[PDB]
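Shown below, as structure tokens, is a lone chain in the form deposited in one PDB entry; questions about how it binds or moves come after it.
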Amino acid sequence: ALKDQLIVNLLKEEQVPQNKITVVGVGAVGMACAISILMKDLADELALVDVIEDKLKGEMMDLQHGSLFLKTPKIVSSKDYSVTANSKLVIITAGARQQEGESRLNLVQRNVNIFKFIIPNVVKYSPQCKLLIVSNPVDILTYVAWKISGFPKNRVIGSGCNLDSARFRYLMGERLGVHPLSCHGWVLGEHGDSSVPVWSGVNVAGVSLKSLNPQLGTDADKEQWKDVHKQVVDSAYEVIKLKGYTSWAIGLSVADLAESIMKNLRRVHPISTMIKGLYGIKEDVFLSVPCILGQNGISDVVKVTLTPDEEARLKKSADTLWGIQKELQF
């Protein structure tokens, strides 16, 4: 054989992949995650899982054909979760998506029923994995993945408000003519209608914008900065109305989270975690707060100082999410 004529093999055993990522779901979100992760060189193996065999195999093949231009030497796929074995991170993007005029919270029963199947099959093969939830309603579903998986809370993460804050900072940058990297600002709470812009923390170069205009973000704001948060809240729906779905932004957001996890960076991101104990919250609610994200998931939470109004709004977001948790049928 030509291979043996050309190459002498010196070593048998192949070990476990060392930095494997899995993406569950090959819709537009799932594939945007995949291409983003491949192009950031975060994984030595990428596995894709879905339920539609042709579509899955075709996406797999299309990525494989780009391997020359990549540094991720094994791309594989299957309907069977055995393909996800020894993942360090499994990203769950599967489920129904919200339509125009439909709240993300309306997706809960459909996506809960899917997670009942996906979650036990995912965790079965990957003892070292972190679960990153992207499907919506992401907060509720992070809680659901946590209850179904039986994982510790540090390993179950929701993409949460990482994108909402990315949008906030993009919009802020456009208003100030500064790059989003140098515009700082946190959108916390539900990834959805009840998110909370933390005006008290919005700053360029450590300069609090609120200290320059104490009316910032209030109805009395002459420059109507609240509308930036409104744009944040409406963004998914505005993009859905225009092109049918969203994909690129969330892909890049999830790829940012994946980088912090895979590279043990311990950067702070506003992502879905349990907040029992903070502010007024006495229940097992998941929502976005600033979390330190590393190789073991969320190891620490930053305790953001909130004005009484900000805290009220965050507790309100938490009440909304808890109300839907009480609807969950396990």
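When you see a residue number, it is the position in the sequence shown, counting from 1.
A second form of this protein, the form solved in complex with a small molecule, is not displayed here; the remarks below concern that form.
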Any non-hydrogen atom of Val29 within 4.5 angstroms of the small molecule in the deposited complex: yes
Look up in the deposited complex whether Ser200 has a non-hydrogen atom within 4.5 angstroms of the small molecule, and give yes or no. no
Can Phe151 be called a contact residue for the small molecule in the deposited complex at 4.5 Å between heavy atoms? no
Non-hydrogen atom contact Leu105 with the small molecule in the deposited complex at 4.5 angstroms: no
Flag this candidate site as yes only if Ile21, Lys130 and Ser260 all have a heavy atom within 4.5 Å of the small molecule in the deposited complex; otherwise mark no. no
Mind telling me which stretch in 130-138, 181-189, 206-214, 168-176 gets its heavy atoms within 4.5 Å of the small molecule in the deposited complex? 130-138
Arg155, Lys88, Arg97, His229 - the one with a heavy atom within 4.5 Å of the small molecule in the deposited complex: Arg97
Heavy atom within 4.5 Å of the small molecule in the deposited complex - residue from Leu252, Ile75, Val123, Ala236: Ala236
